[PDB]
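Asks: no sequence on hand, only this structure:
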Ligand SMILES: Cn1cc(N)c(C(=O)NC2CCC2)n1
Ligand SMILES: [Zn+2]
């Protein structure tokens with residue numbers, strides 16, 4: 001589990017979105033495993049605006065933050081998961097590291113702020129759904 005809280009927006013894995021998230025929907029994309037809902041209170045997180053390929057992610061299944069190198073966001077075949085079938089996921093960044101399904105929502109962060117959230121795992125890789133292209137998260 002986990003979310004990004006930026007202004008009056010809550011960014012979560014689409015597959016972990018609650019009824020309240022869907023009832024307060026701003027934007028969603030199945031291909032990116034992302035959903036954004038509205039919040040009453042303003043949020044503590046800042047979104048990176050950058051093309052960093054190094055950062056740190058939070059891994060709940062280890063209670064640890066790990067520094068990683070990661071690929072630029074791309075369209076990638078992902079094998080079947082407990083919450084999704086084998087499919088292509090877009091805006092996906094991969095790093096060598098530990099990921100289990102419940103790690104989804106862990107933040108990846110660079111010097112510029114929040115890069116993305118844990119979305120995929122298996123075969124020694126961790127995949128992150130990029131948010132840095134979502135410029136509209138910064139306003140309105
Ligand atoms: C976040 N996420 C989605 C997954 N499917 C996995 C995953 O397959 N985890 C295993 C543990 C050895 C890789 N992790
Ligand atoms: Zn950065």
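Replies: Perfect, thanks for sending it. Numbers count the residues shown, from 1 in each chain. Ligands and ions are numbered 1, 2, ... in the order given.
Asks: remind me, longest strand of this protein?
Replies: Scanning the chain for the longest strand, with DSSP state E as the assignment, gives strand 87-96.
Asks: relative to the following helix or strand past that one, what are the paired strands and their orientations?
Replies: For strand 87-96, the succeeding helix or strand toward the C-terminus, using DSSP states H and E, is strand 107-110. Strand 107-110 has the following sheet partners, assigned by DSSP bridges: strand 54-59 (antiparallel), strand 113-120 (antiparallel).
Asks: give me whichever of these is most buried.
Replies: strand 113-120 (a mean of 25; mean count of other Cβ atoms under 10 Å). The C-beta positions use only the backbone N, C-alpha and C, and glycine is treated the same way.
Asks: sheet-wise, list the partners of the helix or strand just after that strand with their directions.
Replies: Following strand 113-120 in sequence order, the next helix or strand is strand 125-130 (DSSP H and E). Sheet partners assigned to strand 125-130 using DSSP bridges are listed as strand 87-96 (antiparallel), strand 113-120 (antiparallel).
Asks: is the longest one in proximity to ligand 1?
Replies: No: shown here: strand 87-96 not in contact with ligand 1 (Cβ under 6 Å from any ligand atom), separated by at least 10.8 Å.
Asks: equivalent analysis for stretch 8-25, please.
Replies: No: interface with ligand 1: stretch 8-25 contributes nothing (Cβ under 6 Å from any ligand atom), its closest point being 9.3 Å away.
Asks: ok, and what's touching that stretch?
Replies: If you take Cβ atoms under 8 Å, 6 or more residues apart in numbering as the criterion, stretch 8-25 is touched by 1-5, 26, 28-30, 32-40, 42-43, 83-84, 104-105, 117, 119, 129, 131, 134, 137.
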